[PDB]
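J.: First the structure, then my questions, so here it is.
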Amino acid sequence: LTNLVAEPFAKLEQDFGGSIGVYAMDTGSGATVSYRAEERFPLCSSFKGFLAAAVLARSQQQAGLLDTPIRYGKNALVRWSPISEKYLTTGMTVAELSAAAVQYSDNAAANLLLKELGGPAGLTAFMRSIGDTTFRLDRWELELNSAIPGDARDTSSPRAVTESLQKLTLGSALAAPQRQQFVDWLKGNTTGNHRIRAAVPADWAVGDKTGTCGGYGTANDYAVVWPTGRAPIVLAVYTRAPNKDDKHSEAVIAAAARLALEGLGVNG
Ligand SMILES: *C(=O)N1C[C@H](NOS(=O)(=O)O)CC[C@H]1C(=O)NC1CCNCC1
């Protein structure tokens, strides 16, 4: 049921000037669209969705975790910490840090939560526990964004991202209350309006998490999409490019998402 209908991904990535990786699954039928789906791409900020899921998994055994207040110093505030910079003098709860990491891609929040889990290896361990053998987080923010060609650090594949996203948002990897909280955080993301969401009709629910490394044309988005009247679709779109100064393209990500939905026969 993979690639029953061919779509012009090669032309798209040639127009972009790099590589595009796509994996999309119709959870009703199991039909899939797959293009470079098992290649590694840098995660960039997109690890923060899985980070929040790992926090929620821990909260299943720690009823007080989400409302625990976390104070932090000015040295925690790295580039692009738009929420946590406004609460430097007060602190925020674990749940607020999680929401900020997901919905505003807040870098200081992500590092604080990584510390709670035992660092990149602790998040990687959570991903292993749900059956993901591809994901690896190796470094903290901001070092994880280097996006070096051929470097497997801080990467996954579009397929493994989609499979893990499906387990966490629709499957049984989280308990039902935590699953719905993860979905609600993704639905409230503010950074993805020009990526997968731009390919999705406004009357369909979407949750997503973006990433943009800042070099090597490297940027991405993954999402769960609920078309009305049919089963949800899960998909991931990742990009990279050969030159350090190559720019990312939001339009290419939206275009790739459109081709994925077309390949699944989903009328938008
Ligand atoms: C994530 O990849 N981020 C965090 C933030 N939001 O972008 S998004 O695409 O996740 O929404 C800014 C870009 C990126 C990031 O952390 N970039 C680093 C800091 C800015 N200079 C380049 C590296």
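Please note that chains go A, B, ... in the order of the structure tokens, that every chain numbers its residues from 1, and that ligands are numbered from 1 in the order shown.
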Name the residues, by chain letter and number, that sit within 7 Å of ligand 1 using only C-alpha atoms and all ligand atoms, and give them as a list in words.
T.: residues 44, 45, 46, 79, 80, 104, 105, 106, 107, 141, 142, 145, 191, 192, 210, 211, 212, 213, 214 and 219 of chain A
J.: Excluding range 94-103 of chain A and any residue of its chain fewer than 6 positions from it, enumerate the residues within 9 Å of it, using only C-alpha atoms, and give them as a ChimeraX atom specification.
T.: /A:45-46,48-49,51-53,55-56,65-70,81-84,109-110,112-113,185-191,208-210
J.: Those same residues - N, CA and C atoms - I'd like them written as a compact mmCIF listing (two decimals), in the first residue's frame.
T.:
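Final output, saved to part36.txt:
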# COMPACT_ATOMS: atom_id res chain seq x y z
N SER A 45 14.49 21.99 15.89
CA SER A 45 13.54 22.14 16.99
C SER A 45 12.49 21.04 17.06
N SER A 46 12.37 20.19 16.04
CA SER A 46 11.25 19.25 16.03
C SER A 46 11.36 18.21 17.14
N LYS A 48 11.38 18.86 20.09
CA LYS A 48 10.66 19.38 21.25
C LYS A 48 9.27 18.78 21.39
N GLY A 49 8.64 18.34 20.30
CA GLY A 49 7.38 17.63 20.46
C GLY A 49 7.56 16.33 21.22
N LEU A 51 10.01 15.63 23.18
CA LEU A 51 10.39 16.02 24.54
C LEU A 51 9.16 16.21 25.41
N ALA A 52 8.17 16.94 24.92
CA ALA A 52 6.95 17.14 25.70
C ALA A 52 6.21 15.83 25.93
N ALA A 53 6.22 14.93 24.95
CA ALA A 53 5.59 13.63 25.14
C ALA A 53 6.29 12.84 26.24
N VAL A 55 7.90 14.10 28.81
CA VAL A 55 7.47 14.72 30.07
C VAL A 55 6.09 14.19 30.47
N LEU A 56 5.16 14.14 29.52
CA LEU A 56 3.84 13.61 29.83
C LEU A 56 3.90 12.15 30.27
N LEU A 65 4.07 16.48 38.79
CA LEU A 65 5.17 16.96 37.95
C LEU A 65 4.74 18.17 37.13
N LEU A 66 3.60 18.08 36.44
CA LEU A 66 3.24 19.12 35.49
C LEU A 66 3.06 20.47 36.16
N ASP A 67 2.56 20.51 37.40
CA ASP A 67 2.35 21.77 38.09
C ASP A 67 3.53 22.15 39.00
N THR A 68 4.66 21.49 38.86
CA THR A 68 5.84 21.85 39.64
C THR A 68 6.43 23.16 39.11
N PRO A 69 6.69 24.14 39.97
CA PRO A 69 7.28 25.41 39.50
C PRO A 69 8.79 25.30 39.35
N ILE A 70 9.30 25.83 38.23
CA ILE A 70 10.71 25.77 37.88
C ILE A 70 11.23 27.20 37.77
N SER A 81 13.83 32.22 22.96
CA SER A 81 13.15 31.80 24.17
C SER A 81 12.05 32.81 24.45
N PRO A 82 11.07 32.92 23.55
CA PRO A 82 10.10 34.03 23.62
C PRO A 82 9.16 33.97 24.81
N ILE A 83 8.85 32.79 25.34
CA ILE A 83 7.99 32.69 26.51
C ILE A 83 8.81 32.73 27.79
N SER A 84 9.84 31.90 27.87
CA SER A 84 10.57 31.81 29.12
C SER A 84 11.30 33.11 29.47
N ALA A 109 13.20 26.72 27.47
CA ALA A 109 12.26 25.73 27.99
C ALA A 109 12.68 24.32 27.62
N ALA A 110 13.08 24.12 26.36
CA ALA A 110 13.52 22.80 25.92
C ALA A 110 14.74 22.32 26.72
N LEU A 112 15.66 23.23 29.76
CA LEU A 112 15.25 22.94 31.14
C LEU A 112 14.55 21.59 31.22
N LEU A 113 13.70 21.28 30.25
CA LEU A 113 13.01 19.99 30.27
C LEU A 113 13.96 18.84 29.95
N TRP A 185 -1.48 20.33 22.86
CA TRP A 185 -0.30 21.17 22.69
C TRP A 185 0.07 21.32 21.22
N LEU A 186 0.12 20.21 20.49
CA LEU A 186 0.41 20.26 19.06
C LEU A 186 -0.61 21.10 18.30
N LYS A 187 -1.90 20.95 18.63
CA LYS A 187 -2.93 21.74 17.96
C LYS A 187 -2.72 23.24 18.18
N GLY A 188 -2.19 23.64 19.33
CA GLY A 188 -1.94 25.04 19.63
C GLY A 188 -0.63 25.58 19.12
N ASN A 189 0.13 24.82 18.33
CA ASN A 189 1.38 25.35 17.84
C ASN A 189 1.14 26.63 17.04
N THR A 190 2.02 27.62 17.23
CA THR A 190 1.93 28.90 16.55
C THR A 190 2.92 29.07 15.40
N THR A 191 3.89 28.16 15.23
CA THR A 191 5.02 28.37 14.33
C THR A 191 4.87 27.69 12.98
N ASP A 208 0.91 20.15 15.01
CA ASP A 208 2.20 20.00 14.36
C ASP A 208 3.32 20.54 15.23
N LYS A 209 4.55 20.17 14.85
CA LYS A 209 5.77 20.75 15.42
C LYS A 209 6.78 20.97 14.30
N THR A 210 7.31 22.19 14.22
CA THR A 210 8.30 22.59 13.22
C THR A 210 9.74 22.49 13.74
J.: With only C-alpha atoms as the counted atoms, please give the residues lying no more than 10 Å from residue 119 in chain A, apart from itself and same-chain residues fewer than 5 positions off, as a ChimeraX atom specification.
T.: /A:111-114,124-125,137-140
J.: Compile the contact shell of residue 128 in chain A as number ranges by chain: residues with an atom at most 12 Å away, counting only C-alpha atoms, same-chain residues fewer than 5 positions apart removed.
T.: A: 50, 54, 121-123, 133-137, 160, 164, 173
J.: Keeping only C-alpha atoms, write the selected residues to a file as a compact mmCIF listing (two decimals), in the first residue's frame.
T.:
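Full text of again.txt as output:
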# COMPACT_ATOMS: atom_id res chain seq x y z
CA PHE A 50 8.82 14.28 21.52
CA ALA A 54 8.38 12.23 27.32
CA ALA A 121 20.27 10.36 26.24
CA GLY A 122 17.18 10.42 28.46
CA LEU A 123 14.98 11.63 25.64
CA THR A 133 15.30 2.68 17.09
CA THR A 134 16.13 5.52 14.66
CA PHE A 135 15.77 8.71 16.72
CA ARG A 136 18.87 10.08 18.37
CA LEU A 137 19.36 13.25 20.34
CA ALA A 160 10.44 6.99 12.34
CA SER A 164 6.48 7.63 16.78
CA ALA A 173 2.21 4.91 24.05
J.: Which of range 43-172 of chain A counts as helix (DSSP H, G or I) under DSSP, as a PyMOL selection string please?
T.: chain A and resi 44-59+74-76+84-87+94-103+107-117+119-129+143-145+158-169
J.: Separation of CA of residue 9 in chain A and CA of residue 43 in chain A, in Å?
T.: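 CA of residue 43 in chain A lies at a distance of 20.6 Å from CA of residue 9 in chain A.
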J.: Enter the distance from CA of residue 129 in chain A to CA of residue 226 in chain A, in Å, rounded to one decimal.
T.: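 Those two atoms sit 26.4 Å apart.
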J.: Looking at only C-alpha atoms, which of A:181, A:29, A:156, A:218 is the one that sits closest to residue 168 in chain A?
T.: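 Counting only C-alpha atoms, the residue closest to residue 168 in chain A is A:181.
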J.: Determine, counting only C-alpha atoms, which protein, DNA and RNA residues have an atom within 6 Å of an atom of residue 155 in chain A; residues of the same chain fewer than 2 positions away are not included. Present the result as a ChimeraX atom specification.
T.: /A:40-43,136,152-153
J.: Need to verify the contact set: range 237-254 of chain A, 10 Å, only C-alpha atoms, exclusion of same-chain residues closer than 2 positions in sequence. Can you return it as an NGL selection string?
T.: :A and (12-13 or 15-24 or 35-37 or 39-43 or 46 or 146-149 or 156-159 or 161-162 or 192-200 or 210-223 or 235 or 256-260)
J.: Which neighbours of residue 224 in chain A fall inside 6 Å, counting only C-alpha atoms, when residues of the same chain fewer than 6 positions from it are skipped, and could you give them as a ChimeraX atom specification?
T.: /A:206-207,233-234
J.: What is the CA of residue 33 in chain A to CA of residue 127 in chain A distance in Å?
T.: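 For CA of residue 33 in chain A relative to CA of residue 127 in chain A, the distance reads 23.1 Å.
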J.: Looking only at the backbone, which of the residues in range 188-259 of chain A does DSSP tag as strand (DSSP E or B), as a PyMOL selection string?
T.: chain A and resi 205-212+219-226+233-240
J.: Can you spit out the residues from that selection as a tab-separated table (two decimals), in the first residue's frame, using N, CA, C and O atoms?
T.:
chain	number	residue	atom	x	y	z
A	205	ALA	N	-8.87	19.64	11.79
A	205	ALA	CA	-7.97	19.82	12.92
A	205	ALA	C	-6.56	19.35	12.56
A	205	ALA	O	-6.38	18.37	11.83
A	206	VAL	N	-5.55	20.11	13.01
A	206	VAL	CA	-4.14	19.78	12.81
A	206	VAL	C	-3.38	20.07	14.10
A	206	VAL	O	-3.62	21.09	14.76
A	207	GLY	N	-2.45	19.20	14.42
A	207	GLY	CA	-1.40	19.51	15.38
A	207	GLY	C	-0.06	19.27	14.74
A	207	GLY	O	0.11	18.32	13.98
A	208	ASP	N	0.91	20.15	15.01
A	208	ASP	CA	2.20	20.00	14.36
A	208	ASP	C	3.32	20.54	15.23
A	208	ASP	O	3.10	21.27	16.20
A	209	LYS	N	4.55	20.17	14.85
A	209	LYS	CA	5.77	20.75	15.42
A	209	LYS	C	6.78	20.97	14.30
A	209	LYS	O	7.08	20.04	13.55
A	210	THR	N	7.31	22.19	14.22
A	210	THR	CA	8.30	22.59	13.22
A	210	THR	C	9.74	22.49	13.74
A	210	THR	O	10.01	22.37	14.94
A	211	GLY	N	10.67	22.61	12.79
A	211	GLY	CA	12.07	22.81	13.13
A	211	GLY	C	12.76	23.55	12.01
A	211	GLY	O	12.43	23.36	10.83
A	212	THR	N	13.74	24.39	12.37
A	212	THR	CA	14.51	25.17	11.40
A	212	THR	C	15.93	25.33	11.94
A	212	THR	O	16.14	26.10	12.87
A	219	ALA	N	15.12	22.25	7.39
A	219	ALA	CA	13.91	22.64	8.12
A	219	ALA	C	12.89	21.53	7.95
A	219	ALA	O	13.04	20.68	7.06
A	220	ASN	N	11.86	21.52	8.78
A	220	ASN	CA	10.97	20.37	8.81
A	220	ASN	C	9.67	20.72	9.53
A	220	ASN	O	9.50	21.81	10.09
A	221	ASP	N	8.76	19.76	9.50
A	221	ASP	CA	7.46	19.83	10.17
A	221	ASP	C	6.90	18.42	10.21
A	221	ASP	O	7.06	17.66	9.26
A	222	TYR	N	6.25	18.07	11.30
A	222	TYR	CA	5.46	16.84	11.36
A	222	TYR	C	4.11	17.16	11.96
A	222	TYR	O	3.97	18.13	12.71
A	223	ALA	N	3.11	16.36	11.61
A	223	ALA	CA	1.76	16.72	11.98
A	223	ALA	C	0.86	15.50	12.04
A	223	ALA	O	1.07	14.51	11.33
A	224	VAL	N	-0.15	15.58	12.90
A	224	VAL	CA	-1.35	14.76	12.79
A	224	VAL	C	-2.45	15.64	12.25
A	224	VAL	O	-2.60	16.80	12.68
A	225	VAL	N	-3.19	15.10	11.29
A	225	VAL	CA	-4.24	15.82	10.60
A	225	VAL	C	-5.51	14.98	10.70
A	225	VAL	O	-5.48	13.77	10.45
A	226	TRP	N	-6.63	15.63	11.02
A	226	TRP	CA	-7.91	14.95	11.13
A	226	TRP	C	-8.83	15.46	10.03
A	226	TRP	O	-9.60	16.41	10.25
A	233	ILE	N	-4.58	11.29	9.41
A	233	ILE	CA	-3.34	11.12	8.65
A	233	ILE	C	-2.20	11.62	9.51
A	233	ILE	O	-2.32	12.66	10.17
A	234	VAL	N	-1.10	10.89	9.52
A	234	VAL	CA	0.12	11.33	10.18
A	234	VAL	C	1.20	11.50	9.12
A	234	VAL	O	1.30	10.67	8.21
A	235	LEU	N	1.98	12.58	9.21
A	235	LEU	CA	3.01	12.81	8.20
A	235	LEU	C	4.16	13.64	8.72
A	235	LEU	O	4.03	14.38	9.70
A	236	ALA	N	5.30	13.49	8.06
A	236	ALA	CA	6.52	14.21	8.39
A	236	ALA	C	7.18	14.64	7.08
A	236	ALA	O	7.22	13.87	6.11
A	237	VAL	N	7.66	15.88	7.06
A	237	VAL	CA	8.36	16.45	5.92
A	237	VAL	C	9.63	17.09	6.44
A	237	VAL	O	9.57	18.01	7.25
A	238	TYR	N	10.78	16.59	5.97
A	238	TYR	CA	12.08	17.08	6.37
A	238	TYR	C	12.88	17.49	5.15
A	238	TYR	O	12.78	16.87	4.10
A	239	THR	N	13.70	18.54	5.28
A	239	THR	CA	14.54	19.00	4.20
A	239	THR	C	15.97	19.21	4.67
A	239	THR	O	16.24	19.49	5.84
A	240	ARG	N	16.87	19.14	3.71
A	240	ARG	CA	18.25	19.60	3.87
A	240	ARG	C	18.80	19.92	2.50
A	240	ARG	O	18.16	19.64	1.49
J.: Ranking A:57, A:144, A:202, A:88 by minimum distance to residue 73 in chain A and counting only C-alpha atoms, which one comes first?
T.: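 The shortest atom-to-atom distance to residue 73 in chain A comes from A:88.
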